[PDB]
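Report on one structure; see the data block that follows.
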Number of protein chains: 2
Amino acid sequence: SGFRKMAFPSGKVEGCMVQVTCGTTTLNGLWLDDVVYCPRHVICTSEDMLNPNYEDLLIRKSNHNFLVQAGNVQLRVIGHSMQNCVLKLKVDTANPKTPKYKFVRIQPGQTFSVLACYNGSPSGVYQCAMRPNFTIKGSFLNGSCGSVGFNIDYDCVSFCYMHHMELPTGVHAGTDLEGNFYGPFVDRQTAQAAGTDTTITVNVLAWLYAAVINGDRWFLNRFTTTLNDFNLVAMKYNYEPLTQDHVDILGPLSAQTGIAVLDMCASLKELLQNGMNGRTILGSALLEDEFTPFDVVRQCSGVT
Amino acid sequence: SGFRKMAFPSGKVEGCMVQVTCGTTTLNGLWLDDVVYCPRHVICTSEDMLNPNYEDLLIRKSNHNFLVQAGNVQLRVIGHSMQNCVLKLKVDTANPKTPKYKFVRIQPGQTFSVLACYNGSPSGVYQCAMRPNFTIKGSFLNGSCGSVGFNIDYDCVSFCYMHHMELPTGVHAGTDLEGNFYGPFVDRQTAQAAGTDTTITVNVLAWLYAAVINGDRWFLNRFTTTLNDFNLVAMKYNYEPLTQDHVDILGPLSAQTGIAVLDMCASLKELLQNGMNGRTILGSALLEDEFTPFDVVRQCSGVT
Ligand SMILES: Cn1c(=O)[nH]c2cncc(NC(=O)[C@@H]3CCOc4ccc(Cl)cc43)c21
Ligand SMILES: Cn1c(=O)[nH]c2cncc(NC(=O)[C@@H]3CCOc4ccc(Cl)cc43)c21
């Protein structure tokens, strides 16, 4: 029992982190096989960030201008290419610690672990979610660019995020491992504002199921609702609309607890309208939305 | 910017986890050098747990009754001894992945990362704190016993916790790596109730400093207080008394923000008396107390 914001064990990803320096900019890179992936803004000075022409800036860089260091040993760069907003630096040595891996582009609402790094060295691991406005709320200081987000399915690491930027509001933006930004963000030091950060309804419901599984049951009410009635309330509270696909996904948690998905929706509807009244659910005074239904099943079943 | 509940990178500890089975009980063990540490209740059946005489039960066990498996390979047990509530199983092979390590006994209020394991395999990593009542609020299912808590100082892992038990209220109890339980708990399936779970005041203040560093400043007020006046309020709200030692520890965060420790105490005093009024601090609707002042400095500075 007990339910925590849990990240995946980070060992498989720690074995992939390297330091990439180009000129006076140093950030992190991800070394998989004989390729090192890193944000293309490693080639920029602080002044270039204002209006960078990456293709033009890249012309002035050769393989020897990218310094890749794995631990305290230097890697030989034998090729470099730009793919969207990431650089792929081909090195002469395959990473001996390369885990089984995939590159996946996640959808909003999906969660992942982040291994925050500085100078190619891991500082910490935390869990976050791709927000509905395609930002993530992370913990990243200067030098953290190139840190990655991932999920693990047994022994296969699915890399979904690479950190690139912090917006003026303190939220974060980045790309998948093909270098495509999540959302409309661009790697330029220009005013970019995020859209509405709506609550991930299906994740809140999954977390209310986790609360029932762990004994926090005070919020269960005598009501039910329909998807349409619930969504009228969800719209009002800046919650994402719940679909029949989300109801299907919650099926196993509904089966485990015996609480119909629409009954849990009615409980959530009353929590939105009435508030918590100074009470907590799983140690939280707000409705947590960064646990997916899959995370709840995994944590409540002990998948390793 | 951004502030997350961050765990240490778990790789160094993942390389130490093994599966220990004695008869029909399987749990986790920690393999450091040629010794495997595990909860002594691995020798008990579910029936033995009601009133176990560990010395007597241990007489019926030989080295060959302890099955230690590292990955999918078996370790040869050449000795076994009981130290308080842990068994130390000497194996014929030193763990080749043994990191630099220490065994430390933490004080209440101190935080640590937990690598939750099942069958010697890591499932997740999360951060928690030794509560003032010597329980921890973890996430542990059956089979999680032997999972460890630790801190990392650069390349040295200080192991502080080994999981042993879940109380009827869903909170957790365990020992240091010398097998001594934190608090008054015993490894017996008997009614054991926890004392008051007071709030770790010095950690809340550190987290309010983290909030100011990250731009959440709405709660800063025009007041100050004294330790004595603050503690009158802290007592009333089941907060731990703040001492001059805690004030000294917060010194570097006070220097970084320019907010005197007693001014932050007055802000916290108003938050306790007035509540949050539906507002959040660092994404939380409650006052977070599982970040120590050291955690705040480390996360806000990027120690790797
Ligand atoms: C500089 N810095 C911090 O101090 N905390 C950060 C957390 N995450 C990221 C950064 N860095 C940035 O955002 C840089 C600084 C210049 O502006 C831009 C513009 C676009 C892009 Cl892709 C990157 C950057 C951080
Ligand atoms: C069985 N079990 C779960 O299902 N979730 C658990 C989370 N953490 C621990 C356990 N296990 C226990 O607490 C066992 C079960 C029998 O009672 C006792 C009594 C003392 C001691 Cl030291 C251990 C135990 C859990």
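Chain letters run A, B, ... following the sequence lines, proteins first and then strands; every chain starts at 1. Just follow the structure's listing: the first ligand is 1, and inside any ligand the first atom is 1. Atom set for the values below is all heavy atoms of this structure, side chains included, hydrogens, waters and symmetry mates excluded.
Shown in contact with B:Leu141 at under 4.0 Å from a heavy atom are these atoms of ligand 2, numbered in order with element: 3 (C), 5 (N), 6 (C), 7 (C). Counting atoms of ligand 2 from 1 in the listed order, those under 4.0 Å from a heavy atom of B:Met49 are 19 (C), 20 (C), 21 (C).
Checking atom 15 (C) of ligand 2 against the protein gives no heavy-atom contact under 4.0 Å. Put simply, atom 1 (C) of ligand 2 has protein non-hydrogen atoms near it, under 4.0 Å away.
B:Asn142 N, 3.3 Å is the protein heavy atom nearest to atom 3 (C) of ligand 2. If you check which protein heavy atom lies closest to atom 13 (O) of ligand 2, you get B:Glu166 N, 3.0 Å.
Judged purely by atom type and a 3.5 angstrom limit, A:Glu288 has no side-chain atom pairing as donor or acceptor with the backbone of A:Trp207. A distance-only check finds a donor-acceptor pair linking the side chain of A:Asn214 to the backbone of A:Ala210 [under 3.5 Å]. Of the possible polar contacts, none joining the B:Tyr37 side chain to the B:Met162 backbone as a donor-acceptor pair under 3.5 Å is found. Panel note: side chain A:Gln127, backbone A:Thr111; no donor-acceptor pair is recorded below 3.5 Å. The backbone N or O of B:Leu141 sits less than 3.5 Å from a side-chain atom of B:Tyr118, completing a donor-acceptor pair.
If you check each of B:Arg188, B:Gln189, B:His164 against atom 24 (C) of ligand 2, the one with the closest non-hydrogen atom is B:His164. Residue nearest to atom 7 (C) of ligand 2, selected from B:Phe181, B:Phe185, B:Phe140: B:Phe140 (by heavy-atom distance). Proximity annotation for atom 10 (C) of ligand 2: of B:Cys145, B:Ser139, B:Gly170, B:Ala116, B:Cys145 comes nearest, heavy atoms only.
A tilted orientation is assigned to the rings of A:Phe150 and A:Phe8, their planes being inclined by 30° to 60°. Taking the six-membered ring where the residue is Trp, B:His164 and B:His41 present perpendicular rings, their angle passing 60° and hence far from 30°.
Ion pair B:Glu290/B:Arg131 flagged as a salt bridge, since at least one NZ, NE, NH1 or NH2 atom sits closer than 4.0 Å to an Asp/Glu carboxylate oxygen.
Checked by distance only, ligand 2 and B:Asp187 stay at 3.5 Å or farther apart across all their nitrogen or oxygen atoms. Looking at ligand 1, you'll find an N or O of A:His163 within less than 3.5 Å of one of its N or O atoms.
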